[PDB]
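What follows is one structure encoded as structure tokens, with my remarks underneath.
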Amino acid sequence: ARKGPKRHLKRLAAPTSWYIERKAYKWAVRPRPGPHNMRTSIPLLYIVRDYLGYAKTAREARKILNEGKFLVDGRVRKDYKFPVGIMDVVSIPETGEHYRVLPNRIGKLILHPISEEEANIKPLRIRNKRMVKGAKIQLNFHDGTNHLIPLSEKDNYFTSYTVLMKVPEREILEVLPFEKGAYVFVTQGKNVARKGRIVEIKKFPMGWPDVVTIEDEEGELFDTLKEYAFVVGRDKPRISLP
Amino acid sequence: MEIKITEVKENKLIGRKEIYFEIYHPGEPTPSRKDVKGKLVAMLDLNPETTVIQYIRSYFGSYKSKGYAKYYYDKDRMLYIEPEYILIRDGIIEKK
Amino acid sequence: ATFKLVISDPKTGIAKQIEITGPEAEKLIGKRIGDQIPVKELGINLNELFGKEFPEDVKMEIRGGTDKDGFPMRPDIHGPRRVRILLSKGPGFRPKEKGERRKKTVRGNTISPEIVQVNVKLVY
Amino acid sequence: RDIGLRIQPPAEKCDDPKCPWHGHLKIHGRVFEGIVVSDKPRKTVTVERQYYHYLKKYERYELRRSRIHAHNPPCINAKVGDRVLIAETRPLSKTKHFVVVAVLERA
RNA sequence: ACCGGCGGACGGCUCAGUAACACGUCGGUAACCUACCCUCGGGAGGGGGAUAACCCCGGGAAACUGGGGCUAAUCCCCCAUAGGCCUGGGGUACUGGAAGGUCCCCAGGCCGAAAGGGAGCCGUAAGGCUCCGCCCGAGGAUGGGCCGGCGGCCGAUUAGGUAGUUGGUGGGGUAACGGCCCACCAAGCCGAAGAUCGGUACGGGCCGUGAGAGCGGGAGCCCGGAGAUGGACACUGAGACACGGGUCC
Ligand SMILES: [Mg+2]
Ligand SMILES: [Mg+2]
Ligand SMILES: [Mg+2]
Ligand SMILES: [Mg+2]
Ligand SMILES: [Zn+2]
């Protein structure tokens, strides 16, 4: 990139969280800017063609997408470069199937089949919170989306809390606090894909990140970064997890 | 030659069904496309006009070959989806 | 000095070309761009050429011209000399690209014997 | 007042806008501890820290030293020979990128 | 075919220069920019103008290029409102380890938007109903800029080097911090633990060899850097001082 932004992406330099054959061809799809980040998302074309196998070539995959056969979080997506990330819901209504995108035990993205009723709710982690003109509170979630709340409820929401949002209407229906005894699911790091309950929280000076301790089902304790812990329930998960 | 069906899958999005099969034929040459298509349409009650044989492949020291084919429910959909070259190769349409 | 004259009628959009040389052409030498001169003084059968009745005392003003090598005249350069300057638009340059500039050779304002074509328009 | 270091602030105040305790300066990044070895220029000190480097082939150690120039607020005013604590900030001059925040042991 | 929009700054090639924050690695930006993309909150009122294409006449050996007539737009220009930026005085609503930050109220100024446009149906018509679009604000994402600590060649038959040089105060300039550049005040800064100068060379993941410890190389594939006959300098643009764009020697 001597004079401007990059537009291409070699197969060997593709993110390590995809299921893709790195030596079969030369090029890979460079994802469009969108909801999640590079390390936690995958272009839609690979979902249509490689994962589910509904298409054999890229050309016929685009014909499927242009007809509006795929729903991501309840909205039609036609761009084959659109990124799909953690906790998203992929729905095919014509075949009546639904999946949730989750990291594997080794850090790769997989599709987890889910019920139809569960397909209407998406958990969003409150990543940041700020004041906005007219004296309102804006919440910025982990997938880049935003929400507005009045000044009256400023004490019901804090960072690292989880909000259950009904899609595609984007309506709040549940708030899960981040506290001792809450049920969490790890999304990155060495202990990815493990789940459990919070035991302790530690803090450090000069802006180092804070750590949490989690007890799993069998009673073992392990530590991880606080921002890598995703709250999913009070004492039991509210969503299906593998 | 003996034809054995391995798997049949339904693709509602495209609007077609995909067929994988094996052909057992010791001491005989690789079967022609016409013979395989005739045998398949006889075996599964398919309209021959909307049936495309994607490929027939032989192996090094085997007595059997592997084949893959597709069947469309509508002629216009087949013309709209399939590449031109495969239709010419299968004799469905005439080359210019 | 022989001049090839292009007389344009603005009231109809039709133009005519005649060749003028001799003492009459000597009168035209020295004028800049943007000044009138009666055609009768120059001496021309205006009505016969255009096949149209014309008002009396009509005069024509100098609009442009080209030299014997094909270089044009630019109204914003004083004097009769020929120069080579960097241009971005205006007469004597067609850009073809946004923000493009190129070095071109042009003439000046004053008419000189080197000029061959002279474009003028009728002013009723 | 607290700036995230969890140490005692200086005794008195100053008017320097570049003082992290009383001005507008912000600190973020690495924090080091060292010995002052020069204070000739105005509001500037040189701090030296020593460490050991391991030579893999000869399986032995050698001593190396690192020298850093730091800003010296008037409210602290460190001198030659004492232990100081320095923190990283935005660039302040051609060679100054740290500021003294505490004197741990006066000479 | 022409006007208009987007792209042509990626990709492709080579290793001349460079011993340096160029590269590897851990961190920072509360000191910064970002067209295309995602979410949320709002807006689209009133006027004006030229010209290509097209017709008449051409100039020049050509490369190129002149005058006159006529016309449209998601082309161009104004007015309003929204909005942005600077400084002074108050209140403490937010994030964060910590506010020259964000939010609210007064006051003086400067800058200052938009295309309800296009396509299809039901409409006798009236008007809907989808699809693609235009502008402003808050955040993200993508792609970058800048900074710091540590790590990796040879020479003493090169021992002293530096004078905007090192730091301070007050400014300018930049997207942004900074001797980056000025005015003024001081005498600092580096060095036998090898400065300065000279030689050689793009850095790394890696590759060859050996029981190992080591010794030698770093063209081909990936990531980063630099260049377009040599040396200097600009226009447009979100992004260049631009390999198939411009100017000088
Ligand atoms: Mg390029
Ligand atoms: Mg070289
Ligand atoms: Mg205006
Ligand atoms: Mg080397
Ligand atoms: Zn102080």
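Each chain gets a letter, A, B and so on, in the order its sequence line appears, and its residues count up from 1. Heavy-atom basis, side chains included; hydrogens, waters and symmetry copies ignored.
Look at A:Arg7 and you won't find any side-chain N or O under 4.0 angstrom from OP1 or OP2 of E:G239. At E:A186, none of the side-chain N or O atoms of D:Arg42 fall inside 4.0 Å of OP1 or OP2 (strictly under the cut-off). At the phosphate of E:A31, OP1 or OP2 sits under 4.0 Å from a side-chain N or O atom of D:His28. Using a 4.0 Å cut-off, some side-chain N or O of D:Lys18 falls inside it from OP1 or OP2 of E:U169. Note on D:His69: a side-chain N or O is less than 4.0 Å away from OP1 or OP2 of E:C190. OP1 and OP2 of E:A31 both lie 4.0 Å or more from every side-chain N or O belonging to D:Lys26. Close to E:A141, at under 4.0 Å from its OP1 or OP2, lies a side-chain N or O of A:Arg127. In this structure, A:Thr159 does not reach the E:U95 phosphate: none of its side-chain N or O atoms is under 4.0 Å from OP1 or OP2.
C:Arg74 comes within 4.0 angstrom of nothing in the nucleic acid, heavy atoms only. Contacts of A:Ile137 with the nucleic acid, taken as non-hydrogen atoms under 4.0 Å apart, are absent. The residue C:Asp67 sits close only to the backbone: its heavy atoms come under 4.0 Å of sugar-phosphate atoms, none of a base. Residue contacts for A:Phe141: at a heavy-atom cut-off of 4.0 Å it reaches no nucleic acid atom on any strand shown. Residue contacts for D:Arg65: at a heavy-atom cut-off of 4.0 Å it reaches a base atom on one of the strands shown. Residue-level contact check: C:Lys11 touches neither bases nor backbone, having no heavy atom under 4.0 Å from any strand. The residue C:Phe93 sits close only to the backbone: its heavy atoms come under 4.0 Å of sugar-phosphate atoms, none of a base. Counting any heavy atom pair closer than 4.0 Å across all strands shown, C:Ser8 reaches a base atom. Using a 4.0 Å heavy-atom distance criterion, A:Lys81 is classed as making no nucleic acid contact.
Separation of the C1' atoms belonging to E:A80 and E:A44 is 13 Å when rounded to the nearest angstrom. Rounded to a whole angstrom, the distance from the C1' atom of E:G225 to that of E:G199 is 23 Å. Comparing the same atom, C1', in E:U51 and in E:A63 gives a spacing of 26 Å after rounding to whole Å.
Rounded to whole angstrom, the span from the NZ atom of A:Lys136 across to the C1' atom of E:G42 amounts to 12 Å. Here E:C38 presents its P atom at 14 Å from CG of A:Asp88, a figure rounded to the nearest Å. Look at CZ on C:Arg102: it is 11 Å from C1' on E:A63, rounded to the nearest Å. Nucleotide E:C131 holds its P atom 15 Å from the CG atom of A:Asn66, rounded to whole Å. One can place NZ of A:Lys133 at 16 Å from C1' of E:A93, the figure rounded to the nearest angstrom. Look at CZ on A:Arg75: it is 7 Å from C1' on E:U39, rounded to the nearest Å. A straight line from NZ of C:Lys89 to P of E:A50 spans 15 Å, rounded to a whole angstrom.
Taking every side-chain heavy atom of C:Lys103 into account, E:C248 is the closest of E:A99, E:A240, E:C248. Residue A:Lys10 has its side chain nearest to E:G12 when only E:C94, E:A30, E:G12 are considered. In this structure, the nucleotide among E:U166, E:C221, E:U39 sitting nearest to the side chain of A:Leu12 is E:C221.
Here the rule is side chain to side chain contact (heavy atoms under 4.5 Å, CB included) with A:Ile126, and of A:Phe158, A:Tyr161, A:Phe178 only A:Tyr161 fits it.
Applying the Watson-Crick and G-U wobble criteria (two distances, each under 3.5 Å), E:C37 pairs with E:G140. With a 3.5 Å ceiling on both atom-pair distances, the Watson-Crick or G-U wobble partner of E:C64 is E:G59. With a 3.5 Å ceiling on both atom-pair distances, the Watson-Crick or G-U wobble partner of E:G148 is E:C26. Within the shown strands, E:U166 is the pairing partner of E:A186 under the Watson-Crick or G-U definition, both distances less than 3.5 Å.
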> Which parts of nucleotides 142-149 of chain E does protein reach within less than 4.0 Å, heavy atoms only, written one letter per nucleotide 5' to 3' as B for base, S for sugar-phosphate only and - for none?
Replying inline: SSS--SSS
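Note: C:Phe54 and C:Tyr124 have perpendicular aromatic rings, judged against thresholds of 30 and 60 degrees for the angle between ring planes. Ring-plane geometry between D:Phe98 and D:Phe32 is classed as tilted, the angle between the planes lying from 30 to 60 degrees on a 0 to 90 degree scale.
Sequence order on RNA chain E of the closest nucleotides to C:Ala15 and A:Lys78 puts C:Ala15 first from the 5' end.
Pairing status of E:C94 against E:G101: a Watson-Crick or G-U wobble pair, both distances under 3.5 Å.
The closest side-chain donor-acceptor pair between A:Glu200 and A:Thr213, if any, does not fall under 3.5 angstrom.
Within residues 115-124 of chain C, the residues having any heavy atom under 4.0 Å from RNA chain E are, by residue number, C:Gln117, C:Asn119.
Between the side chain of D:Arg64 and the main chain of D:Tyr51, no donor-acceptor pair closer than 3.5 Å is present.
Note on C:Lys11 versus C:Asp9: no salt bridge recorded, every NZ/NE/NH1/NH2 to OD/OE distance being 4.0 Å or above. In this structure, C:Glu61 does not pair ionically with C:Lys59, as no charged nitrogen and carboxylate oxygen lie closer than 4.0 Å.
Geometric assessment of A:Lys63 against the ring of B:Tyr80 yields a positive cation-pi assignment under the 6.0 Å and 45° thresholds. Relative to the six-membered ring of A:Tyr157, A:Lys129 misses at least one condition, a distance below 6.0 Å or an angle of at most 45° to the axis.
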Scan nucleotides 230-237 of chain E against the protein and return all N/O pairs shorter than 3.5 Å with their distances rounded to 0.1 Å.
from   : atom 1 : to       : atom 2 : distance (Å)
E:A234 : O2'    : C:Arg101 : NH1    : 3.4
E:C235 : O4'    : C:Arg101 : NH1    : 3.3
E:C235 : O2'    : C:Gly99  : O      : 3.1

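Here E:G123 counts as north. Its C1'-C2'-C3'-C4' torsion is positive.
Residues A:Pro43 and A:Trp18 have side chains in contact (heavy-atom distance under 4.5 Å, counting atoms from C-beta outward).
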